[PDB]
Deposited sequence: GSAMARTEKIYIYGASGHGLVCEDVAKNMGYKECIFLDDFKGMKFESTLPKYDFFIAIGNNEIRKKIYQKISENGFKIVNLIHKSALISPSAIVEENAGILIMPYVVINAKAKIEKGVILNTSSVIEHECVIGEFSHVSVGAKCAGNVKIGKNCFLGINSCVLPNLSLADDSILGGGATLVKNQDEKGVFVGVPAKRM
């Protein structure tokens, strides 16, 4: 079950958006924790979510909050369509925004952000603490490494792999594998 209330850590734009998704799930109230009220392990053990966009910082908090013993839940909007054979790591800090689609046998690891109207096609693997931005789309069988960032309206052709800690620019179209980390921009996306 879910608690009646939920802690949203982060009070900037991303947090307001997470507040909307949590309410859509039926949480009656969001208690924002400042990120800049303040956090300590003694708070009533409500469900928890880290509403910080930056992958590295979100991860360091996630590491903290877990060790302090809170359940970092997933915030999944009801309008997200998720194949029954897709796997989304449970109680793993994952945000899935409105009108996201995740298709057959895709895997979403912990800490991932799947932002508004993004698409994860069949058989993809989205590595932990990745951020698939607004409208970004992975064709089938794509491997997104840990801590990757796919910019707004970017896309990845099918059967491609993107190395851990890479950034795909807003609007960029990735058409080849990238085994070493980098920043890739344009159509086709090129190392920048």
Notebook entry, point to check: Could you list, start to end, the deposited-sequence stretches with no C-alpha atoms?
Noted result: 1 to 4, 41 to 42
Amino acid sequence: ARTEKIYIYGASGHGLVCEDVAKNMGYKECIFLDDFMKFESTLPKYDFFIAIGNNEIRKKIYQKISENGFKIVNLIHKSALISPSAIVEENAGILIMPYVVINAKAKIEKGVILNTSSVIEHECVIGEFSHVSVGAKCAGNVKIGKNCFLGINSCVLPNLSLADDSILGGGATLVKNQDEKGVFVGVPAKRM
From here on, numbers count along this sequence of modelled residues.
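The term rigid core refers to the maximal set of C-alpha atoms that superpose within 1.5 Å between the two forms.
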Notebook entry, point to check: Between 121 to 129 and 26 to 34, which one strays more from this form in 7 other deposited structures of this protein if you match the rigid core and compare Cα atoms?
Noted result: 26 to 34
Check: So which moves more in 7 other deposited structures of this protein by CA, 161 to 169 or 41 to 49, given a superposition on the core?
Finding: 41 to 49
Note to self: Taking the other PDB entries of this protein that cover both neighbours, check whether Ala11 lacks coordinates in at least a third of them.
What the structure shows: yes
Next item on the list: Would you mind comparing 130 to 138 and 66 to 74 for me and telling me which has the higher average C-alpha temperature factor in the entry?
Entry: 66 to 74
Check: Going by the B-factors listed in the PDB entry, is the mean over the C-alpha atoms higher for 148 to 156 or for 43 to 51?
Finding: 43 to 51
Checklist line | Relative C-alpha B-factor of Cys124, binned into the chain's lowest, middle or highest third | finding: lowest
Notebook entry, point to check: Among the modelled residues of its chain, does the C-alpha B-factor of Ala11 lie in the lowest, middle or highest third?
Noted result: highest
Next item on the list: Give the position of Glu19 by CA B-factor within its chain, expressed as the lowest, middle or highest third.
Entry: middle
